Amino acid sequence: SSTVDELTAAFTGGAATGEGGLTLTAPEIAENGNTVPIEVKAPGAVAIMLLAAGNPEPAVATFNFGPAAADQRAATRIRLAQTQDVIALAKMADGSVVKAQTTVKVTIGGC
Amino acid sequence: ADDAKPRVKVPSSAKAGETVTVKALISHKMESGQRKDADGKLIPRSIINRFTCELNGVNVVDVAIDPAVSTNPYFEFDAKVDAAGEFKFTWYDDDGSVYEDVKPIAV
């Protein structure tokens, strides 16, 4: 299958994703593909993984929250080669994963 | 790498138990491996591949970073500040460099 699906399956341990409890924030239109603000939010998650489904190497980042984290929010700036779907995956203590997804328009393609 | 200059914005004090937002950047080209030259040759990847933030010896966040993360990697996240001490920020380069920063916090 696709690279996104292979990374997803490694992250779920072979299980389908679920839904709810995760917010993916990205701009509807990102002016500059080289630097696109992204925020992910998932109360209780042990880890949140970020994938950009239209990039050659779709993996962006995996955020692991330690015990000193006040909450399970992370924000970053990413590269998007062109208009595409951004995917967030949040893994809970029990090992189950939820998926959030949103399409980002990119005016100036990155790179 | 040369000139890997950390930039952290965080409050220097908190109330006991208060959440504080932490913003950490470092200067880095983040050569992604996707860029081509004028000869049309791919330019080899060289990025910072991991960022950690600890508060008083306890992890706040541990980030595994891939080439899609932008030039001058920026991470923002929230710390639960129980007692006075310090944040320690670490960045790992693909080239074997380790960059560190330290920020005090009073409670």
# chains A, B, ... in the order shown; residues from 1 in each chain; ligands from 1

call {"tool": "select_by_dssp", "arguments": {"residues": "chain A", "states": "helix (DSSP H, G or I)", "output": "number ranges by chain"}}
result
A: 3-12

call {"tool": "closest_atom_pairs", "arguments": {"of": "chain A", "to": "chain B", "cutoff": "6 Å", "atoms": "only C-alpha atoms", "output": "CSV"}}
result
residue,atom,partner,partner_atom,distance
A:35,CA,B:70,CA,5.7
A:60,CA,B:68,CA,5.0
A:61,CA,B:65,CA,4.7
A:62,CA,B:64,CA,5.1
A:63,CA,B:63,CA,4.7
A:64,CA,B:62,CA,5.0
A:65,CA,B:61,CA,4.6
A:66,CA,B:60,CA,4.6
A:68,CA,B:60,CA,4.5
A:69,CA,B:60,CA,4.5
A:70,CA,B:80,CA,4.4
A:73,CA,B:77,CA,5.9
A:74,CA,B:77,CA,4.9
A:75,CA,B:76,CA,5.0
A:76,CA,B:75,CA,5.0
A:77,CA,B:70,CA,5.7
A:78,CA,B:69,CA,4.4
A:79,CA,B:68,CA,4.9

call {"tool": "atom_distance", "arguments": {"atom1": "atom CA of residue 84 of chain B", "atom2": "atom CA of residue 11 of chain B"}}
result
12.1 Å

call {"tool": "atom_distance", "arguments": {"atom1": "atom CA of residue 14 of chain B", "atom2": "atom CA of residue 107 of chain B"}}
result
5.2 Å

call {"tool": "residues_around", "arguments": {"residues": "residue 41 of chain A", "least_positions_apart": "5", "cutoff": "12 Å", "atoms": "only C-alpha atoms", "output": "PyMOL selection string"}}
result
(chain A and resi 20-26+46-50+63+65+71-76+88-91+98-100) or (chain B and resi 76-78)

call {"tool": "residues_around", "arguments": {"residues": "residue 107 of chain A", "least_positions_apart": "5", "cutoff": "8 Å", "atoms": "only C-alpha atoms", "output": "ChimeraX atom specification"}}
result
/A:29-33,82-83

call {"tool": "select_by_dssp", "arguments": {"residues": "chain A", "states": "strand (DSSP E)", "output": "ChimeraX atom specification"}}
result
/A:23-25,29-32,36-41,47-52,59-65,69-78,84-91,97-108

call {"tool": "decode", "arguments": {"residues": "segment 77-105 of chain B", "atoms": "N, CA and C atoms", "output": "PDB file, in the first residue's frame"}}
result
ATOM      1  N   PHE B  77       4.869  24.155  22.775  1.00  0.00           N
ATOM      2  CA  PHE B  77       4.245  23.095  23.573  1.00  0.00           C
ATOM      3  C   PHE B  77       4.103  23.572  25.029  1.00  0.00           C
ATOM      4  N   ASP B  78       3.398  22.828  25.870  1.00  0.00           N
ATOM      5  CA  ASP B  78       3.072  23.331  27.215  1.00  0.00           C
ATOM      6  C   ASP B  78       3.640  22.545  28.401  1.00  0.00           C
ATOM      7  N   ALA B  79       4.256  23.280  29.320  1.00  0.00           N
ATOM      8  CA  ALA B  79       4.886  22.699  30.495  1.00  0.00           C
ATOM      9  C   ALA B  79       4.081  22.931  31.775  1.00  0.00           C
ATOM     10  N   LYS B  80       4.033  21.915  32.638  1.00  0.00           N
ATOM     11  CA  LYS B  80       3.444  22.034  33.966  1.00  0.00           C
ATOM     12  C   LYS B  80       4.547  22.342  34.968  1.00  0.00           C
ATOM     13  N   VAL B  81       4.549  23.565  35.481  1.00  0.00           N
ATOM     14  CA  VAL B  81       5.655  24.015  36.308  1.00  0.00           C
ATOM     15  C   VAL B  81       5.290  23.866  37.769  1.00  0.00           C
ATOM     16  N   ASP B  82       5.845  22.845  38.418  1.00  0.00           N
ATOM     17  CA  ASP B  82       5.543  22.571  39.830  1.00  0.00           C
ATOM     18  C   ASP B  82       6.454  23.314  40.810  1.00  0.00           C
ATOM     19  N   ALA B  83       7.710  23.488  40.434  1.00  0.00           N
ATOM     20  CA  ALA B  83       8.725  24.042  41.313  1.00  0.00           C
ATOM     21  C   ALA B  83       9.841  24.722  40.524  1.00  0.00           C
ATOM     22  N   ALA B  84      10.539  25.629  41.192  1.00  0.00           N
ATOM     23  CA  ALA B  84      11.696  26.306  40.607  1.00  0.00           C
ATOM     24  C   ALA B  84      12.740  25.325  40.044  1.00  0.00           C
ATOM     25  N   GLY B  85      13.416  25.749  38.981  1.00  0.00           N
ATOM     26  CA  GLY B  85      14.511  24.987  38.412  1.00  0.00           C
ATOM     27  C   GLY B  85      14.877  25.509  37.042  1.00  0.00           C
ATOM     28  N   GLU B  86      14.872  24.618  36.063  1.00  0.00           N
ATOM     29  CA  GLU B  86      15.259  24.979  34.716  1.00  0.00           C
ATOM     30  C   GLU B  86      14.721  24.021  33.675  1.00  0.00           C
ATOM     31  N   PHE B  87      14.419  24.587  32.507  1.00  0.00           N
ATOM     32  CA  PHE B  87      14.352  23.838  31.253  1.00  0.00           C
ATOM     33  C   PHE B  87      15.769  23.589  30.670  1.00  0.00           C
ATOM     34  N   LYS B  88      15.926  22.404  30.089  1.00  0.00           N
ATOM     35  CA  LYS B  88      17.088  22.022  29.293  1.00  0.00           C
ATOM     36  C   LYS B  88      16.531  21.581  27.928  1.00  0.00           C
ATOM     37  N   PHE B  89      17.016  22.241  26.883  1.00  0.00           N
ATOM     38  CA  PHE B  89      16.612  21.993  25.512  1.00  0.00           C
ATOM     39  C   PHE B  89      17.775  21.326  24.797  1.00  0.00           C
ATOM     40  N   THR B  90      17.479  20.274  24.040  1.00  0.00           N
ATOM     41  CA  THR B  90      18.516  19.554  23.287  1.00  0.00           C
ATOM     42  C   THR B  90      18.062  19.391  21.830  1.00  0.00           C
ATOM     43  N   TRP B  91      18.988  19.588  20.892  1.00  0.00           N
ATOM     44  CA  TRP B  91      18.758  19.340  19.469  1.00  0.00           C
ATOM     45  C   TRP B  91      19.862  18.425  18.935  1.00  0.00           C
ATOM     46  N   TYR B  92      19.469  17.360  18.249  1.00  0.00           N
ATOM     47  CA  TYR B  92      20.415  16.425  17.626  1.00  0.00           C
ATOM     48  C   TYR B  92      20.533  16.617  16.101  1.00  0.00           C
ATOM     49  N   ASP B  93      21.746  16.860  15.617  1.00  0.00           N
ATOM     50  CA  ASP B  93      22.004  17.030  14.187  1.00  0.00           C
ATOM     51  C   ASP B  93      22.241  15.678  13.506  1.00  0.00           C
ATOM     52  N   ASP B  94      21.821  15.537  12.247  1.00  0.00           N
ATOM     53  CA  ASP B  94      22.258  14.416  11.391  1.00  0.00           C
ATOM     54  C   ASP B  94      23.795  14.253  11.354  1.00  0.00           C
ATOM     55  N   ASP B  95      24.534  15.358  11.467  1.00  0.00           N
ATOM     56  CA  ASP B  95      26.007  15.299  11.421  1.00  0.00           C
ATOM     57  C   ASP B  95      26.731  14.951  12.731  1.00  0.00           C
ATOM     58  N   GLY B  96      25.987  14.594  13.780  1.00  0.00           N
ATOM     59  CA  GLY B  96      26.593  14.217  15.070  1.00  0.00           C
ATOM     60  C   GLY B  96      26.728  15.358  16.067  1.00  0.00           C
ATOM     61  N   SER B  97      26.427  16.591  15.650  1.00  0.00           N
ATOM     62  CA  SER B  97      26.388  17.696  16.609  1.00  0.00           C
ATOM     63  C   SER B  97      25.202  17.567  17.576  1.00  0.00           C
ATOM     64  N   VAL B  98      25.420  17.968  18.824  1.00  0.00           N
ATOM     65  CA  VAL B  98      24.358  18.103  19.807  1.00  0.00           C
ATOM     66  C   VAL B  98      24.378  19.554  20.283  1.00  0.00           C
ATOM     67  N   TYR B  99      23.249  20.248  20.141  1.00  0.00           N
ATOM     68  CA  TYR B  99      23.103  21.623  20.636  1.00  0.00           C
ATOM     69  C   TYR B  99      22.204  21.654  21.861  1.00  0.00           C
ATOM     70  N   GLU B 100      22.567  22.493  22.823  1.00  0.00           N
ATOM     71  CA  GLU B 100      21.880  22.526  24.111  1.00  0.00           C
ATOM     72  C   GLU B 100      21.552  23.951  24.492  1.00  0.00           C
ATOM     73  N   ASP B 101      20.437  24.131  25.188  1.00  0.00           N
ATOM     74  CA  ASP B 101      20.152  25.416  25.802  1.00  0.00           C
ATOM     75  C   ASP B 101      19.538  25.235  27.195  1.00  0.00           C
ATOM     76  N   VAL B 102      19.755  26.212  28.075  1.00  0.00           N
ATOM     77  CA  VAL B 102      19.264  26.167  29.443  1.00  0.00           C
ATOM     78  C   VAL B 102      18.535  27.468  29.835  1.00  0.00           C
ATOM     79  N   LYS B 103      17.328  27.352  30.389  1.00  0.00           N
ATOM     80  CA  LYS B 103      16.540  28.523  30.797  1.00  0.00           C
ATOM     81  C   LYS B 103      16.013  28.311  32.201  1.00  0.00           C
ATOM     82  N   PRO B 104      16.338  29.219  33.131  1.00  0.00           N
ATOM     83  CA  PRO B 104      15.815  29.151  34.505  1.00  0.00           C
ATOM     84  C   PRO B 104      14.328  29.463  34.574  1.00  0.00           C
ATOM     85  N   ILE B 105      13.686  28.995  35.644  1.00  0.00           N
ATOM     86  CA  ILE B 105      12.322  29.374  35.948  1.00  0.00           C
ATOM     87  C   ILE B 105      12.145  29.424  37.460  1.00  0.00           C
TER      88      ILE B 105
END
